[PDB]
$ cat entry_38.csv   # CSV, C-alpha atoms and all ligand atoms
chain,number,residue,atom,x,y,z
J,1,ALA,CA,80.6,74.5,100.0
J,2,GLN,CA,84.0,76.1,100.5
J,3,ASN,CA,85.9,77.7,97.5
J,4,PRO,CA,83.2,77.0,95.0
J,5,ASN,CA,85.0,79.0,92.2
J,6,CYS,CA,88.0,76.5,92.7
J,7,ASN,CA,90.6,79.3,93.2
J,8,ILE,CA,94.2,78.5,94.1
J,9,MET,CA,94.5,79.2,97.8
J,10,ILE,CA,97.6,80.4,99.6
J,11,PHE,CA,98.3,79.5,103.2
J,12,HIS,CA,100.6,81.1,105.8
J,13,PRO,CA,100.8,78.6,108.7
J,14,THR,CA,102.4,79.7,112.0
J,15,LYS,CA,105.3,77.7,113.4
J,16,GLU,CA,102.8,75.9,115.7
J,17,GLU,CA,100.5,75.0,112.8
J,18,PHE,CA,103.6,73.7,110.8
J,19,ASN,CA,104.2,70.9,113.3
J,20,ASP,CA,101.6,68.4,112.2
J,21,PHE,CA,101.7,67.9,108.4
J,22,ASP,CA,98.6,65.6,108.1
J,23,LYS,CA,96.6,68.0,110.3
J,24,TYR,CA,97.4,71.0,108.2
J,25,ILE,CA,96.6,69.3,104.9
J,26,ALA,CA,93.2,68.4,106.4
J,27,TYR,CA,92.8,72.0,107.5
J,28,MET,CA,93.5,73.2,104.0
J,29,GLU,CA,90.9,70.9,102.6
J,30,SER,CA,88.4,72.1,105.2
J,31,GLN,CA,88.8,75.5,103.6
J,32,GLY,CA,88.2,74.1,100.1
J,33,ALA,CA,91.8,74.2,98.9
J,34,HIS,CA,91.6,70.9,97.1
J,35,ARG,CA,88.9,72.2,94.8
J,36,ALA,CA,91.6,74.2,92.9
J,37,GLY,CA,93.8,71.2,92.4
J,38,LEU,CA,96.9,73.1,93.7
J,39,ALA,CA,97.6,75.2,96.8
J,40,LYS,CA,100.6,77.3,97.9
J,41,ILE,CA,102.0,77.1,101.4
J,42,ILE,CA,104.4,79.8,102.6
J,43,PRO,CA,106.4,78.5,105.6
J,44,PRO,CA,106.6,80.4,108.8
J,45,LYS,CA,109.4,82.9,108.9
J,46,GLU,CA,111.2,80.9,111.6
J,47,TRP,CA,111.5,77.9,109.3
J,48,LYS,CA,114.4,76.8,107.1
J,49,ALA,CA,114.9,73.7,104.9
J,50,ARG,CA,118.6,73.7,105.4
J,51,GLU,CA,121.4,76.1,106.5
J,52,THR,CA,122.9,76.9,103.1
J,53,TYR,CA,123.0,75.6,99.5
J,54,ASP,CA,126.6,76.4,99.2
J,55,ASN,CA,127.5,72.9,98.9
J,56,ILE,CA,125.2,71.4,96.0
J,57,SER,CA,127.4,71.6,92.9
J,58,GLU,CA,128.7,68.1,93.3
J,59,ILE,CA,125.4,66.4,93.0
J,60,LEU,CA,125.3,64.3,89.7
J,61,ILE,CA,122.6,64.5,87.1
J,62,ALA,CA,123.2,61.1,85.6
J,63,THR,CA,120.8,61.5,82.7
J,64,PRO,CA,120.0,65.1,81.8
J,65,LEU,CA,117.0,65.3,79.4
J,66,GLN,CA,116.8,67.6,76.4
J,67,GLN,CA,113.2,68.5,75.9
J,68,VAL,CA,112.5,68.6,72.2
J,69,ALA,CA,109.1,69.9,71.1
J,70,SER,CA,106.9,69.2,68.1
J,71,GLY,CA,103.6,70.9,67.1
J,72,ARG,CA,102.5,74.5,67.3
J,73,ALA,CA,103.3,77.1,69.9
J,74,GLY,CA,100.1,76.5,71.9
J,75,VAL,CA,99.7,72.7,71.3
J,76,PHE,CA,102.8,70.6,71.3
J,77,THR,CA,104.3,67.4,72.5
J,78,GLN,CA,107.8,67.0,73.9
J,79,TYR,CA,110.2,64.1,73.9
J,80,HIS,CA,113.2,63.6,76.1
J,81,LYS,CA,116.5,63.1,74.5
J,82,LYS,CA,119.1,61.6,76.9
J,83,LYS,CA,122.4,63.6,77.3
J,84,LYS,CA,125.6,62.8,78.9
J,85,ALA,CA,126.0,63.1,82.7
J,86,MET,CA,126.9,66.4,84.3
J,87,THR,CA,127.3,67.8,87.8
J,88,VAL,CA,124.9,70.4,89.2
J,89,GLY,CA,127.8,72.8,88.9
J,90,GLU,CA,128.1,72.1,85.2
J,91,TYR,CA,124.4,72.2,84.7
J,92,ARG,CA,124.0,75.6,86.5
J,93,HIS,CA,126.8,77.0,84.2
J,94,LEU,CA,124.9,75.6,81.2
J,95,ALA,CA,121.7,77.2,82.4
J,96,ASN,CA,123.3,80.6,82.8
J,97,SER,CA,125.0,80.4,79.3
J,98,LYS,CA,123.9,82.7,76.5
J,99,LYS,CA,122.2,79.8,74.7
J,100,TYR,CA,120.0,78.8,77.6
J,101,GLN,CA,119.6,81.8,80.0
J,102,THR,CA,116.4,83.6,80.8
J,103,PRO,CA,115.8,86.5,78.4
J,104,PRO,CA,115.4,90.1,79.5
J,105,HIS,CA,111.8,90.6,80.6
J,106,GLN,CA,109.6,93.1,82.5
J,107,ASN,CA,107.8,90.8,84.9
J,108,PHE,CA,106.4,87.3,85.3
J,109,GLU,CA,103.6,88.1,82.8
J,110,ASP,CA,106.0,89.2,80.1
J,111,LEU,CA,108.1,86.1,80.7
J,112,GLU,CA,105.0,83.8,80.5
J,113,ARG,CA,104.1,85.5,77.1
J,114,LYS,CA,107.7,84.8,75.9
J,115,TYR,CA,107.5,81.2,77.1
J,116,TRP,CA,104.3,80.4,75.1
J,117,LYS,CA,105.4,82.3,72.1
J,118,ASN,CA,108.9,80.8,71.8
J,119,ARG,CA,109.1,77.5,73.8
J,120,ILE,CA,108.8,75.2,70.8
J,121,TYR,CA,111.8,76.8,69.1
J,122,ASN,CA,114.3,75.8,71.8
J,123,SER,CA,115.3,72.5,73.5
J,124,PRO,CA,116.2,73.2,77.2
J,125,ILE,CA,117.9,70.5,79.3
J,126,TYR,CA,116.1,69.3,82.5
J,127,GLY,CA,117.7,67.3,85.4
J,128,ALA,CA,114.6,65.5,86.5
J,129,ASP,CA,113.6,62.7,88.7
J,130,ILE,CA,116.9,62.4,90.7
J,131,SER,CA,116.4,60.3,93.8
J,132,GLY,CA,117.5,62.3,96.8
J,133,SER,CA,116.9,65.1,99.3
J,134,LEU,CA,118.2,68.5,100.1
J,135,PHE,CA,116.4,68.8,103.5
J,136,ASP,CA,118.7,68.9,106.5
J,137,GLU,CA,118.1,65.8,108.7
J,138,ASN,CA,117.6,68.2,111.6
J,139,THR,CA,114.6,70.0,109.8
J,140,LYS,CA,111.7,68.5,111.6
J,141,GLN,CA,108.8,70.3,110.0
J,142,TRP,CA,107.7,69.6,106.4
J,143,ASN,CA,110.8,67.7,105.7
J,144,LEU,CA,109.9,65.8,102.4
J,145,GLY,CA,112.2,62.9,103.3
J,146,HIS,CA,110.4,62.2,106.6
J,147,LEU,CA,106.8,62.1,105.6
J,148,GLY,CA,104.6,59.1,106.4
J,149,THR,CA,104.7,56.7,103.5
J,150,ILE,CA,101.9,55.8,101.1
J,151,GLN,CA,102.3,52.2,102.0
J,152,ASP,CA,101.7,52.9,105.7
J,153,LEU,CA,98.6,55.0,104.8
J,154,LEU,CA,97.1,52.2,102.8
J,155,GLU,CA,97.9,49.8,105.6
J,156,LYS,CA,96.3,52.1,108.2
J,157,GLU,CA,93.2,52.7,106.1
J,158,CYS,CA,92.6,49.3,104.5
J,159,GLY,CA,94.5,46.9,106.7
J,160,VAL,CA,96.8,45.4,104.0
J,161,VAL,CA,100.5,45.3,104.3
J,162,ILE,CA,102.4,45.8,101.0
J,163,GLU,CA,105.9,46.1,99.7
J,164,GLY,CA,107.3,49.3,98.4
J,165,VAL,CA,108.9,52.5,99.5
J,166,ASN,CA,108.3,56.2,98.8
J,167,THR,CA,111.3,58.6,98.6
J,168,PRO,CA,111.7,62.2,97.3
J,169,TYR,CA,113.1,63.4,94.0
J,170,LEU,CA,115.2,66.4,93.0
J,171,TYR,CA,114.5,68.5,89.8
J,172,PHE,CA,117.1,70.9,88.4
J,173,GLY,CA,115.5,73.2,85.9
J,174,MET,CA,116.5,76.0,83.6
J,175,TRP,CA,114.6,78.5,81.4
J,176,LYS,CA,111.8,76.9,79.5
J,177,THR,CA,112.1,73.5,81.1
J,178,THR,CA,108.7,72.1,81.0
J,179,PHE,CA,106.3,69.8,82.9
J,180,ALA,CA,103.6,68.4,80.7
J,181,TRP,CA,99.9,68.1,81.6
J,182,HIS,CA,99.4,65.2,84.1
J,183,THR,CA,98.0,64.0,87.4
J,184,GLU,CA,100.2,62.0,89.7
J,185,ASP,CA,100.6,58.3,89.6
J,186,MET,CA,97.5,56.6,90.9
J,187,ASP,CA,96.1,60.2,91.3
J,188,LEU,CA,98.1,60.8,94.5
J,189,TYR,CA,98.9,64.1,96.0
J,190,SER,CA,102.2,65.7,95.5
J,191,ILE,CA,104.2,68.2,97.4
J,192,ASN,CA,107.0,70.3,95.9
J,193,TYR,CA,109.4,72.6,97.6
J,194,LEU,CA,111.4,75.1,95.5
J,195,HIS,CA,114.8,75.0,97.3
J,196,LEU,CA,116.6,77.7,95.3
J,197,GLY,CA,116.8,79.7,92.2
J,198,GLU,CA,114.3,81.1,89.8
J,199,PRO,CA,110.5,80.6,89.9
J,200,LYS,CA,108.3,77.9,88.6
J,201,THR,CA,105.0,78.8,86.9
J,202,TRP,CA,102.1,76.3,87.4
J,203,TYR,CA,98.8,75.8,85.6
J,204,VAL,CA,96.1,73.6,87.1
J,205,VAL,CA,92.6,72.3,86.3
J,206,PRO,CA,90.1,71.7,89.2
J,207,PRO,CA,89.7,68.0,89.9
J,208,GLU,CA,86.0,68.3,89.4
J,209,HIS,CA,86.7,69.3,85.8
J,210,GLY,CA,89.6,67.0,84.9
J,211,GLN,CA,87.5,65.1,82.4
J,212,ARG,CA,87.1,68.3,80.4
J,213,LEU,CA,90.8,68.6,80.0
J,214,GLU,CA,91.0,64.9,79.0
J,215,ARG,CA,88.3,65.4,76.3
J,216,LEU,CA,90.2,68.4,74.9
J,217,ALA,CA,93.5,66.5,74.9
J,218,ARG,CA,91.9,63.7,72.9
J,219,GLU,CA,90.8,66.2,70.3
J,220,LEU,CA,94.1,68.0,70.2
J,221,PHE,CA,96.3,64.9,70.1
J,222,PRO,CA,94.1,62.5,68.1
J,223,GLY,CA,96.8,59.9,67.1
J,224,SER,CA,98.1,59.7,70.8
J,225,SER,CA,94.5,59.2,72.0
J,226,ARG,CA,94.1,56.3,69.6
J,227,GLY,CA,97.3,54.7,70.9
J,228,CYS,CA,96.3,54.9,74.5
J,229,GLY,CA,93.2,55.6,76.5
J,230,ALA,CA,95.3,57.3,79.2
J,231,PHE,CA,98.0,59.0,77.1
J,232,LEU,CA,98.3,62.0,79.5
J,233,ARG,CA,100.1,59.4,81.7
J,234,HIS,CA,102.9,59.7,79.2
J,235,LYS,CA,103.6,63.2,80.4
J,236,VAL,CA,104.4,64.6,76.9
J,237,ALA,CA,101.5,67.0,76.0
J,238,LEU,CA,101.3,70.7,76.4
J,239,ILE,CA,98.4,73.0,75.9
J,240,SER,CA,98.7,76.7,76.5
J,241,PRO,CA,96.5,78.9,78.6
J,242,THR,CA,95.2,80.6,75.5
J,243,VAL,CA,94.1,77.3,74.0
J,244,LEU,CA,92.5,76.3,77.2
J,245,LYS,CA,90.5,79.6,77.4
J,246,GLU,CA,89.5,79.2,73.7
J,247,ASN,CA,88.0,75.8,74.5
J,248,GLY,CA,86.4,76.8,77.8
J,249,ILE,CA,88.5,74.7,80.1
J,250,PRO,CA,88.4,75.9,83.6
J,251,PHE,CA,92.0,76.5,85.0
J,252,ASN,CA,94.1,78.6,87.2
J,253,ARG,CA,97.8,79.8,87.2
J,254,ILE,CA,100.3,80.7,89.9
J,255,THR,CA,104.0,81.3,90.2
J,256,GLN,CA,106.0,79.5,92.9
J,257,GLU,CA,109.1,81.3,94.3
J,258,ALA,CA,112.1,79.9,96.1
J,259,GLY,CA,111.2,79.0,99.7
J,260,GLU,CA,107.6,78.1,99.0
J,261,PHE,CA,105.7,74.8,98.9
J,262,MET,CA,103.1,73.7,96.4
J,263,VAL,CA,100.6,70.9,97.0
J,264,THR,CA,98.8,69.1,94.2
J,265,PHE,CA,95.6,67.4,95.1
J,266,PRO,CA,94.2,64.0,93.8
J,267,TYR,CA,93.2,64.2,90.1
J,268,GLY,CA,94.4,67.9,89.8
J,269,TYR,CA,95.9,68.1,86.3
J,270,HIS,CA,98.9,70.4,86.3
J,271,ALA,CA,101.6,71.6,83.9
J,272,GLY,CA,104.2,74.4,84.0
J,273,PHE,CA,107.7,75.8,83.3
J,274,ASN,CA,110.8,77.0,85.0
J,275,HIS,CA,111.9,80.6,84.7
J,276,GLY,CA,115.7,80.0,85.0
J,277,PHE,CA,118.1,77.8,87.0
J,278,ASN,CA,116.4,76.2,90.0
J,279,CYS,CA,116.2,73.2,92.2
J,280,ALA,CA,113.0,71.7,93.5
J,281,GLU,CA,112.3,68.6,95.6
J,282,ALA,CA,109.0,66.7,95.4
J,283,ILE,CA,107.4,63.6,96.7
J,284,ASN,CA,104.0,61.9,96.4
J,285,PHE,CA,101.9,61.3,99.4
J,286,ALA,CA,98.4,60.0,100.4
J,287,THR,CA,95.7,60.8,103.0
J,288,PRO,CA,92.5,58.9,103.7
J,289,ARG,CA,90.6,61.0,101.2
J,290,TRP,CA,93.0,59.8,98.4
J,291,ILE,CA,91.9,56.2,98.6
J,292,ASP,CA,88.7,56.7,96.6
J,293,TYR,CA,90.8,58.5,93.9
J,294,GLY,CA,93.3,55.7,93.8
J,295,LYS,CA,90.6,53.2,93.2
J,296,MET,CA,89.3,55.2,90.2
J,297,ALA,CA,92.6,56.4,88.7
J,298,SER,CA,93.1,55.7,85.0
J,299,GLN,CA,95.9,53.7,83.9
J,300,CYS,CA,98.2,53.5,80.9
J,301,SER,CA,98.5,49.9,79.7
J,302,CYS,CA,100.2,50.7,76.2
J,303,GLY,CA,103.7,50.4,77.6
J,304,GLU,CA,104.7,54.0,77.4
J,305,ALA,CA,104.2,55.3,80.9
J,306,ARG,CA,106.4,52.8,82.7
J,307,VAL,CA,106.5,53.7,86.5
J,308,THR,CA,108.1,52.8,89.8
J,309,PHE,CA,108.2,49.6,91.6
J,310,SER,CA,105.8,50.7,94.3
J,311,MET,CA,102.9,51.4,91.9
J,312,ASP,CA,102.4,47.6,91.5
J,313,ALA,CA,100.9,47.1,94.9
J,314,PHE,CA,98.7,50.1,94.6
J,315,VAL,CA,97.2,48.7,91.3
J,316,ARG,CA,97.1,45.1,92.8
J,317,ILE,CA,95.1,46.1,95.8
J,318,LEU,CA,93.1,49.0,94.7
J,319,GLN,CA,92.4,48.0,91.1
J,320,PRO,CA,92.5,44.2,91.0
J,321,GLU,CA,90.4,44.0,87.8
J,322,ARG,CA,92.9,46.2,86.0
J,323,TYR,CA,96.0,44.6,87.4
J,324,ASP,CA,96.7,41.9,84.8
J,325,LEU,CA,96.4,44.3,81.8
J,326,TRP,CA,98.3,47.1,83.5
J,327,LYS,CA,101.1,44.7,84.4
J,328,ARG,CA,101.3,43.4,80.8
J,329,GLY,CA,102.1,47.1,79.8
J,330,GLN,CA,104.8,47.1,82.5
J,331,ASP,CA,106.3,43.9,81.2
G,401,LIG,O1,108.6,70.4,89.3
G,401,LIG,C1,108.3,69.7,88.2
G,401,LIG,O2,109.0,69.7,87.1
G,401,LIG,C2,107.1,69.0,88.2
G,401,LIG,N1,106.5,68.7,89.5
G,401,LIG,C3,105.3,68.2,89.6
G,401,LIG,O3,104.6,67.8,88.6
G,401,LIG,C4,104.9,67.9,91.0
G,401,LIG,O4,105.6,68.3,92.0
G,401,LIG,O5,103.8,67.2,91.0
G,402,MG,MG,127.6,68.7,96.3
G,403,NI,NI,103.1,66.5,89.3
G,404,ZN,ZN,99.9,54.6,77.3

$ encode --input "entry_38.csv" --output "structure tokens" --more "lines below"
Ligand SMILES: O=C(O)CNC(=O)C(=O)O
Ligand SMILES: [Mg+2]
Ligand code: NI
Ligand SMILES: [Zn+2]
Amino acid sequence: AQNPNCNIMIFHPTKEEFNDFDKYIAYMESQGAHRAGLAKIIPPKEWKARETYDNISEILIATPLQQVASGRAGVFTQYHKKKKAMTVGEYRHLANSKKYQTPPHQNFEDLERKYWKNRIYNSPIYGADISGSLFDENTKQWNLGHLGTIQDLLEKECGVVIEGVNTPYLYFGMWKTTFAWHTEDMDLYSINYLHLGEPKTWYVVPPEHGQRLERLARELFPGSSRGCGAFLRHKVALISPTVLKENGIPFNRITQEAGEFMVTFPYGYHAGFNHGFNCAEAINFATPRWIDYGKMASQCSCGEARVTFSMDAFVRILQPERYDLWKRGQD
């Protein structure tokens, strides 16, 4: 069995290997990359996402989100307070202001310590989930706006034709902006490209051990767990690496830098934080190996998780028994 310790693998595809996306995901899996839940892909040196970023300040962040924490430094939840619209230019200035900028630090490790120690005492502002793309239309390889769609995958594998579309989203981050512990909708894959700016630190639990994280989360957030049997779908819970180690939860960590791709694999729980102003683009995707995960994915039916239009058909086809209850939570 490849990668039995479930380490995060890092790949360096050649320009020839970078042509066929599906093929290279399958190659990574042949090497056991999926066992980690997360892999890093460094693009060949000849590749570029676009010519320059000199022209991005006019993008609008219609609903910036202030991430307000409650709890203790290692175990907290966050809620999103909506703020008034601002341009990327305005947001980048805010990020770099004395109130929000990255503190002096020695290295990534020192900064990680400062994050876990101090995150709860501040409320950074995140420009998340902005439909759009920063890839040049002429970038042919690993262009997140030109991937094969999940609907087409399900049609190819299962023969059914369904409605829905699949497009990428932009994320503008600053110091301490946070992604809570989650798997993707319907336990899909995700791919994330860090277009510019400061790094993003990731934590991941191997898919084969996801239920261990879920058990801990029920223990740590006991009122949340009573309200909903899939409350990690709410994307509000944070658990530090120290707490995970104390409770024996297997996990790994890695820092993504500008110009690098990360792939999350089905049912790979992940969480993390941004080091300073940055812009990432991400999109969900499927492969034939995903279908069995989609069929088993948990669902939030309490009303909180509220998701895209396209998840309907996934639930309808893959999880017909659950569909009526899940849709009640959507309506
Ligand atoms: O970049 C972020 O804030 C969070 N991204 C993801 O969870 C992802 O790409 O799956
Ligand atoms: Mg612009
Ligand atoms: Ni994710
Ligand atoms: Zn719920």

$ residues_near_ligand --input "entry_38.csv" --ligand "ligand ZN 404 (chain G)" --cutoff "8 Å" --atoms "all atoms listed in the file" --output "VMD selection string"
chain J and resid 227 to 234 299 to 305

$ residues_around --input "entry_38.csv" --residues "residue 31 (chain J)" --least-positions-apart "2" --cutoff "10 Å" --atoms "only C-alpha atoms" --output "ChimeraX atom specification"
/J:1-3,9,26-29,33-35

$ write_last_selection --input "entry_38.csv" --atoms "C-alpha atoms" --output "tab-separated table (two decimals), in the coordinates of the input"
chain	number	residue	atom	x	y	z
J	1	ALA	CA	80.60	74.50	100.00
J	2	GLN	CA	84.00	76.10	100.50
J	3	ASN	CA	85.90	77.70	97.50
J	9	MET	CA	94.50	79.20	97.80
J	26	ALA	CA	93.20	68.40	106.40
J	27	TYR	CA	92.80	72.00	107.50
J	28	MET	CA	93.50	73.20	104.00
J	29	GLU	CA	90.90	70.90	102.60
J	33	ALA	CA	91.80	74.20	98.90
J	34	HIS	CA	91.60	70.90	97.10
J	35	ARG	CA	88.90	72.20	94.80

$ atom_distance --input "entry_38.csv" --atom1 "CA of residue 23 (chain J)" --atom2 "CA of residue 189 (chain J)"
15.0 Å

$ atom_distance --input "entry_38.csv" --atom1 "CA of residue 18 (chain J)" --atom2 "CA of residue 190 (chain J)"
17.3 Å

$ closest_atom_pairs --input "entry_38.csv" --of "region 181-254 of chain J" --to "region 83-96 of chain J" --cutoff "12 Å" --atoms "all atoms listed in the file" --output "CSV"
residue,atom,partner,partner_atom,distance
J:196,CA,J:92,CA,11.7
J:197,CA,J:92,CA,10.1
J:198,CA,J:95,CA,11.2

$ residues_near_point --input "entry_38.csv" --point "(92.9, 78.6, 78.0)" --cutoff "12 Å" --atoms "all atoms listed in the file" --output "count of residues only"
24

$ closest_residue --input "entry_38.csv" --among "J:126, J:11, J:135, J:221" --to "residue 72 (chain J)" --atoms "all atoms listed in the file"
J:221
